[PDB]
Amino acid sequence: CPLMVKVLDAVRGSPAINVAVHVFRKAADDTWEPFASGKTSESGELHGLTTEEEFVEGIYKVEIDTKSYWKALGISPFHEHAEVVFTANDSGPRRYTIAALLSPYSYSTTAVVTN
């Protein structure tokens, strides 16, 4: 599992469950090609998006569907989603954890990169 996404809810103080996540990879044509997608678990975590083989060098965009999350909770948020865009594996394979903390008018994200 070279790519994991973890999402917490800053209003409730809990994992953000059932959050849709889409990952895209920039193609030769400079367009965003679909790469992988999933939904966070009861722990707010999304594993198994990809494999070491598939997760090649490239520029990736992780889109976390925060709007759908807030609206399912009956709340009208500010952002359409939270986006994390980064070059990956440029110096060899790494394991990436993309963590995001959500509030209706704000989000914060950080990356943990390990060898």
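Throughout, rigid core stands for the largest set of C-alpha atoms superposing within 1.5 Å between the two forms. Heads up: residue numbers just count along the shown sequence, starting at 1.
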Once the rigid core is matched, which of the two stretches, 63 to 71 or 83 to 91, lies farther off on average in 8 other deposited structures of this protein by C-alpha? 83 to 91
Overlaying the structures in 8 other deposited structures of this protein on the rigid core, point out which of 38 to 46 and 72 to 80 has the bigger RMS C-alpha shift. 72 to 80
Mean C-alpha temperature factor, higher of 51 to 59 and 86 to 94: 86 to 94
Avg C-alpha B-factor, entry values, 27 to 35 vs 75 to 83, higher side is 27 to 35
Going by the CA temperature factor in the entry, name the top one among 111, 1, 8, 5. 1
